[PDB]
């Protein structure tokens, strides 16, 4: 039961989306969109720049004004709309999963069974919170009545990467809209198409115009205009550390807008001697190779206790030699290409660093094919902590395996990184599971599993892996602004 589109994908939505209207770029400029598997242009899309961002902000601001339909409508009706949007995405699931695969280099079975399901589930999750966002009444000192309103912040700019275009769009807009904000979204330039399809469903669902505005285009242009905008109240971002820095600096220099960032990881696994070995090998393998390694949570440092290290490495190699590379639309294909040249170049450079720095190559180590940005799935053993491949996020299908004998020592090595997005602990010992997970400086710690992510759980980094949490009860906080209202009364009673 993996259904496909029974007819070919026609691209339809290629324009800037503002006030539920399709707009050309102010400049009239357009930019190409490619398929990473063939390197062939799929279509051209309107190139948004500062002007267009200003128009989206004006629209978003107007939709947020006191008295507008989006401010005055029932919170439950905000939730009603998100739920309807989820039904619509469910309706065009074949279409959207195909678009995502073709534009994103993303295996179609994953796109359909995982990304699409996740979008749908996350929207329904966010829909449910709308009329459950609540302030407090507070027994303040003195004769006063004090309450708080957890209001929407206002206009939220949301800058989205290319690895999970749809999932990231929903993670950004679900919470924001549930809380009553308005949004200006900038998709990755590589991957605007699915966002614009969803924009058509936003209109069809009946969101008031200006509540969601989507401005495709480039980072230093559209992206920067957002980060430096004097009338955007908050910017949320997932992507590189470099750009994260640029965003915070821009925000600080302009209007001190709120910022929340999700950036790299170099997430470690710790595998103890008593671990279920096959379970640990399987989760860690998928933990690093998922979506061609193009995952913020990629399990890119795997520490295995010496007595099981050789066995662990052997079975990891076996598992990795089993992939089929090719077009992510063809059933049976189990590894697509990397998103683009730059990522491809970075991965190969880093692989080359691994060889030169004296890591042990178990398989892969080079590119594949005549077309597309394919990289062989690659495994390194005997990796040490000073190697580039141990320190830097690779974002490619490249796994690092490394041995330890001292538990104290491996916790410190696991934490000796400016990243801290997630980690994995594999053991049958209760005390070790609890104590190790407490001691890892990482936003999500999985025990005897890896890459388990759901709408009900907050997600975010420690340290330079970012700030703030997305999703879960806790994530909803980052899309509200608390206002305290305190009223003089003649006499208070408990």
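Between two forms, the rigid core is the largest collection of C-alphas that superpose within 1.5 Å. Positions refer to the first chain, counted from 1.
- After a core fit, the C-alpha atoms in 5 other deposited structures of this protein lie farther on average from the shown form in one of 313-321 and 242-250, namely 242-250.
- The stretch 351-359 shows the higher mean C-alpha B-factor when 201-209 is compared against 351-359 in the entry.
- The deposited model assigns a higher average Cα B-factor to 273-281 than to the other stretch when 273-281 and 173-181 are compared.
- Take 194, 137, 134, 384 and read off each C-alpha B-factor from the entry; 384 has the highest.
- Among all modelled residues in this chain, the alpha-carbon of residue 71 has a temperature factor (C-alpha) in the lowest third.
- Remark: residue 268 belongs to the lowest third of its chain, ranked by C-alpha B-factor as recorded.
- When the CA B factors of the chain's modelled residues are split into thirds, the value for residue 21 lands in the highest one.
- Sort the modelled residues of the chain by CA B factor and residue 469 lands in the lowest third.
- Sorting the modelled residues of the chain by their CA temperature factor places residue 423 in the lowest third.
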